[PDB]
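Accompanying notes for the structure given below.
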There are 2 protein chains.
Amino acid sequence: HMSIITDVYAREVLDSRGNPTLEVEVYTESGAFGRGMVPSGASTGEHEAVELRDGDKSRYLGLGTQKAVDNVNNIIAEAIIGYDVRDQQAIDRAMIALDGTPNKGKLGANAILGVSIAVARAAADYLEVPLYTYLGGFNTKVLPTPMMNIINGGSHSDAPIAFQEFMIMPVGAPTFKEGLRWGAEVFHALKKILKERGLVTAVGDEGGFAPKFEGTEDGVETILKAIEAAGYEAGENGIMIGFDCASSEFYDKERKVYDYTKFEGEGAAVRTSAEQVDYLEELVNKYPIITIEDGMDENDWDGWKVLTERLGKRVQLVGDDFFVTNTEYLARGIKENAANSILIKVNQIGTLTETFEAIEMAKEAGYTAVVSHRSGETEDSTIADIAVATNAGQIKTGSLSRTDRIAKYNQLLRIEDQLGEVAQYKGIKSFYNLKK
Amino acid sequence: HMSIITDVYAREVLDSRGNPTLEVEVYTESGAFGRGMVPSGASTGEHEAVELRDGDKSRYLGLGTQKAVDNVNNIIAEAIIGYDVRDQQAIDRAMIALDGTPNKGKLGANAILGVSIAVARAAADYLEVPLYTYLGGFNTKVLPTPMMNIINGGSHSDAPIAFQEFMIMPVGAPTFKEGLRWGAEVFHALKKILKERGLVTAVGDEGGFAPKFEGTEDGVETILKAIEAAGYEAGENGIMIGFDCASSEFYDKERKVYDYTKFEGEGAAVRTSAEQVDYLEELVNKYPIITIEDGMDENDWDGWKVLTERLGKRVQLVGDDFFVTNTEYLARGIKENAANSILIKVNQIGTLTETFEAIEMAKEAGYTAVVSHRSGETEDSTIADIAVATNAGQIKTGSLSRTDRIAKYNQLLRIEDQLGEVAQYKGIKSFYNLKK
């Protein structure tokens with residue numbers, strides 16, 4: 001038919017670290033071939049694209065997702081059928097205003113993401129045309145600019161460091177074909193610094209470091225020296241650096257300040273709201289610095305003003321929790337009048353329709369839509385393809401430790417060659433409203 | 001040429017930890033565009049298969065595969081048109097004549113494997129059959145068995161241990177689905193202790209760790225005890241383990257004696273050839289083994305003849321560096337009883353048809369085969385379906401706590417869903433080399 005439906009199939013698969021996910025076959029006869037699934041991460045207690053799990057001993061130690069798959073696999077056969085897969089919106093938006101749960105799922109947020117992923121894929125590679133380029137008109141070309149990691153912290157790290165990560169960028173990059181070498185170099189060349197001086201024997205994350213390092217204020221030698229003779233200049237021109245500070249971790253709501261004495265030593269002073277801000281601004285003033293991420297909790301409604309009050313046209317700040325690409329919060333960013341970037345963790349936004357609506361809504365004013373990877377990932381590059389399709393601009397995928405991220409990078413380069421002529425990056429306009 | 005295997009299209013792509021590889025596409029005159037790619041790994045000198053890497057030191061320290069991509073596109077593009085409409089062997093096994101070198105370095109084992117995989121994974125393009133069905137056996141319904149690295153070693157060992165990598169093995173699940181869990185459950189049990197241990201929880205990109213013990217009257221006790229606490233039994237009525245000895249290396253070539261003062265503390269203990277096998281005689285019996293990779297050295301000829309006479313039905317003699325998956329080397333082991341099994345490395349052998357033929361010849365000599373993971377881990381899951389195609393089943397699949405390793409099962413659960421009705425679990429009686 002290619003326009004009517006009377007038959008489909010679906011199933012489940014495993015994911016990274018052992019959080020299996022969905023897998024649905026929405027083909028028409030033997031007239032379609034592709035794949036459909038979604039990454040995942042198990043949690044609760046927040047308005048995420050929260051994920052539904054089984055817990056039954058038979059369902060892979062209680063970590064199976066067949067129970068959430070059952071909401072689709074039990075009540076279809078030939079009963080509810082009658083809608084088509086060509087109509088992207090008929091699946092995307094006719095569904096939400098039937099359940100309307102606040103945290104994005106009763107039958108499954110990951111289910112509703114993977115299902116529409118399959119919907120998009122069901123004829124993408126059929127058309128013999130790239131996936132990103134055909135979901136509306138023809139207007140998706142830009143590979144999201146990758147921001148790379150150099151440090152990690154918290155319980156995601158082997159050593160006691162607070163800030164969840166520090167990040168640098170290839171702002172000098174001409175094109176992705178050649179640029180693929182730069183990021184791989186920054187990861188390969190993380191074993192030759194210590195000798196100039198005599199330093200510590202510890203290991204680290206996907207390509208960031210977790211050292212037994214005495215104090216936060218000194219984190220310079222392990223990074224700047226492994227910026228210079230990482231193969232590249234460091235200084236404060238030509239090359240940039242960035243940070244990240246795990247917004248919704250800790251807030252002394254009982255006293256209207258923050259705290260950072262969790263990881264500061266017992267001999268340290270009280271780091272505050274303003275001591276946090278001014279300590280980042282210290283490197284904003286006399287360090288090559290543009291990009292920042294997180295630091296302020298789900299509700300730091302007024303606090304998101306602050307990092308763009310005086311840290312004005314000199315930086316760009318990503319906010320995970322209060323933005324999460326969610327529609328209501330993405331609107332309230334305007335109500336606060338001072339948002340500047342957003343985090344687009346794929347399993348925080350749900351359907352692709354809302355994904356692109358919110359992405360364009362943000363990027364209209366210059367927001368850099370950072371589509372960020374997740375622990376539980378599959379062999380498909382659906383997330384980076386979505387980022388390309390929605391012309392997000394920025395992508396956060398850690399470093400080259402994991403082949404499932406290497407797969408995203410490879411698929412995006414394949415895409416670049418299918419494009420042919422895309423040596424594109426927007427220069428200083430990549431962060432846009434900047435003159436410092 | 002309405003039905004002639006006409007066109008190809010390869011490219012250069014990536015794999016684990018920033019190493020380039022190659023991807024191939026073969027087009028039929030029916031509507032095919034199929035994609036497929038191969039992992040990375042290279043050597044030189046003896047008969048071992050060899051990659052062709054770009055001489056430009058910029059392209060990943062000279063690890064660029066663009067020259068292999070050219071060997072495909074500028075040479076094979078004219079050697080595929082006009083040939084037979086349907087002939088698996090004639091189509092695929094004819095690349096050594098074109099290369100002119102036995103090790104296949106001039107054209108490339110990776111490129112040759114990609115060329116083969118393109119047509120072999122053309123199922124939905126036009127074959128009407130799955131890959132396992134096509135590659136030489138029609139109605140196989142065989143399922144995998146993981147040997148996984150969770151504790152590192154070998155080259156990383158300043159401690160009083162040597163072992164290159166511990167492989168834990170599941171054997172005795174009630175039915176074919178439950179075998180996956182029976183092997184996957186152990187990494188969680190190891191993590192149960194390691195995190196509270198802290199004794200350098202160094203994480204390798206395999207997904208494992210590198211812990212240390214102190215001495216005897218406990219060192220190994222925890223292997224038995226932790227799985228007891230988890231409840232899983234031990235032995236060929238339970239969980240069994242296998243070791244990658246890395247014998248061919250540790251056996252100092254300049255001295256030719258298994259002197260283990262190399263990795264252990266300086267002292268007295270030393271093992272010779274006539275005294276090594278008592279190492280296993282004391283180890284295996286209280287801590288059972290299932291699979292041993294390259295049980296002992298290749299420069300030790302007269303002395304492989306104690307293990308197969310003492311425990312020669314319980315200790316699988318998996319030969320990797322004894323065979324290098326090559327036809328001539330495998331025939332060597334066959335000719336005069338140097339082992340009883342083969343480790344497969346598809347990127348070493350070169351083609352799916354060569355892998356199938358090698359497994360067929362191993363079956364003819366009573367040798368069980370095992371596909372194995374390689375350093376450059378792909379996202380394409382073709383490399384592992386050949387084992388199910390030839391009923392080899394077992395696979396070395398890194399550590400299942402990561403996506404590079406999970407993707408293979410994420411693929412093969414589709415095969416497990418497709419057995420038919422006749423999949424009664426052979427299980428502990430699957431072996432034909434063992435339990436003669």
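Note on naming: chains are A, B, ... as they come in the structure tokens, residues start from 1 per chain, ligands start from 1 in the order shown.
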
Using only C-alpha atoms, which protein or nucleic acid residues come within 12 Å of range 266-282 of chain A? Drop anything in the same chain fewer than 6 positions from it, and give the result as a VMD selection string. chain A and resid 162 to 163 166 214 to 217 241 to 245 247 250 to 253 255 to 260 288 to 296 300 302 to 312 314 to 315 317

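When every C-alpha of chain A is superposed on its counterpart in chain B by least squares, the root-mean-square deviation equals 3.1 Å.
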
Residue with smallest distance to residue 354 in chain A - pool A:92, A:298, A:380, A:218, counting only C-alpha atoms: A:92

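Between chain B and the candidates A:416, A:336, A:254, A:221, the tightest atom-to-atom separation, counting only C-alpha atoms, involves A:416.
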
Report the residues of range 18-182 of chain A whose backbone DSSP state falls under alpha helix (DSSP H), written as a ChimeraX atom specification. /A:66-73,88-99,109-124,176-182

Could you tell me which residues of chain B sit within 8 Å of chain A when counting only C-alpha atoms, and give me the result as a PyMOL selection string? chain B and resi 13-18+59-60+124+181+201-203+205+377-380+400-404+406-407+409-410+413

Which residues come within 12 Å of residue 321 in chain A, counting only C-alpha atoms, excluding same-chain residues fewer than 3 positions away, as a compact mmCIF listing (two decimals) with C-alpha atoms, in the first residue's frame?
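That gives us out34.txt:
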```txt
# COMPACT_ATOMS: atom_id res chain seq x y z
CA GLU A 46 11.58 14.29 38.59
CA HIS A 47 9.63 15.60 35.59
CA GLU A 48 12.05 14.12 33.04
CA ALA A 49 11.15 12.11 29.99
CA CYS A 245 28.89 22.50 37.37
CA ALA A 246 26.08 19.98 37.79
CA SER A 247 23.22 22.37 38.58
CA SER A 248 20.74 20.29 40.58
CA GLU A 249 23.14 18.67 43.03
CA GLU A 293 27.07 24.56 31.61
CA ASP A 294 24.72 24.12 34.56
CA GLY A 295 25.38 25.23 38.13
CA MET A 296 21.89 26.30 39.19
CA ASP A 297 19.04 23.98 40.15
CA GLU A 298 15.66 23.08 38.61
CA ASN A 299 14.19 26.37 39.83
CA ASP A 300 17.09 28.85 39.79
CA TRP A 301 14.61 31.11 38.02
CA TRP A 304 19.80 32.11 35.41
CA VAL A 318 23.94 25.87 29.20
CA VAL A 324 15.75 20.37 29.52
CA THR A 325 14.15 21.39 26.20
CA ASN A 326 10.79 21.04 28.00
CA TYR A 329 10.22 25.66 31.07
CA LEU A 330 11.57 26.68 27.65
CA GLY A 333 13.14 31.09 30.12
CA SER A 341 21.61 28.27 25.92
CA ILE A 342 19.78 25.01 26.62
CA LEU A 343 20.48 21.30 27.12
CA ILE A 344 18.84 18.85 24.72
CA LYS A 345 19.46 15.47 26.34
CA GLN A 348 14.54 14.80 28.39
CA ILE A 349 12.34 16.06 25.52
```

Filtered DSSP result for range 181-400 of chain B, state strand (DSSP E), as a ChimeraX atom specification: /B:240-244,289-293,316-319,341-344,368-372,394-396

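For the pair CA of residue 55 in chain B and CA of residue 93 in chain B, the interatomic distance is 28.1 Å.
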
Fewer than 4 positions away in the same chain doesn't count, so skip those; otherwise give me all residues within 7 Å of range 419-431 of chain B, counting only C-alpha atoms, as JSON, numbers by chain. {"B": [141, 171, 172, 175, 176, 415]}

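For the pair CA of residue 371 in chain B and CA of residue 389 in chain B, the interatomic distance is 11.5 Å.
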
What lies within 10 Å of residue 223 in chain A using only C-alpha atoms, ignoring chain neighbours under 6 positions off, as a ChimeraX atom specification? /A:150-151,166,190,193,208-209,230,234

What gap, in Å, lies between CA of residue 353 in chain A and CA of residue 89 in chain A? 7.2 Å

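All residues of protein, DNA or RNA that reach within 7 Å of residue 359 in chain A, judged by only C-alpha atoms and not counting those fewer than 3 positions away in the chain, are residues 355, 356, 362, 363, 369, 390 and 392 of chain A.
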
Residue 394 in chain B surroundings by only C-alpha atoms, 9 Å radius, close-in-sequence under 4 positions cut, as a VMD selection string: chain B and resid 143 to 147 369 to 372 387 to 388

Deliver the residues from the most recent selection as a file, using N, CA, C and O atoms, as a compact mmCIF listing (two decimals), in the first residue's frame.
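And here's part_8.txt as it stands now:
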```
# COMPACT_ATOMS: atom_id res chain seq x y z
N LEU B 143 23.04 -20.04 19.09
CA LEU B 143 23.11 -18.84 19.90
C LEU B 143 24.47 -18.66 20.54
O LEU B 143 25.23 -19.62 20.72
N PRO B 144 24.83 -17.43 20.92
CA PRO B 144 26.20 -17.16 21.34
C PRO B 144 26.48 -17.54 22.79
O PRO B 144 25.58 -17.90 23.55
N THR B 145 27.76 -17.46 23.15
CA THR B 145 28.25 -17.72 24.50
C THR B 145 29.40 -16.76 24.77
O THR B 145 30.41 -16.78 24.04
N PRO B 146 29.32 -15.90 25.78
CA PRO B 146 30.34 -14.86 25.96
C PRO B 146 31.52 -15.29 26.82
O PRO B 146 31.36 -15.88 27.90
N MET B 147 32.71 -14.97 26.34
CA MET B 147 33.91 -14.91 27.17
C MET B 147 34.28 -13.44 27.23
O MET B 147 34.55 -12.82 26.19
N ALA B 369 35.37 -23.61 16.90
CA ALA B 369 35.83 -22.27 16.57
C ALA B 369 35.15 -21.25 17.47
O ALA B 369 34.09 -21.51 18.05
N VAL B 370 35.78 -20.08 17.59
CA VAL B 370 35.27 -19.01 18.42
C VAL B 370 35.60 -17.66 17.79
O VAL B 370 36.78 -17.32 17.64
N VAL B 371 34.58 -16.90 17.41
CA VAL B 371 34.83 -15.52 17.00
C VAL B 371 35.30 -14.72 18.21
O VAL B 371 35.08 -15.08 19.37
N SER B 372 35.98 -13.61 17.93
CA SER B 372 36.64 -12.86 18.99
C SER B 372 36.54 -11.37 18.73
O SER B 372 36.48 -10.93 17.58
N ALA B 387 29.41 -16.64 13.41
CA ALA B 387 29.49 -17.75 14.35
C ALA B 387 28.17 -18.50 14.43
O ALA B 387 28.14 -19.74 14.44
N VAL B 388 27.05 -17.77 14.47
CA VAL B 388 25.74 -18.42 14.43
C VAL B 388 25.51 -19.08 13.08
O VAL B 388 24.88 -20.14 12.99
```

Using only C-alpha atoms: which of B:73, B:3, B:210, B:133 has the shortest distance to residue 164 in chain B: B:210
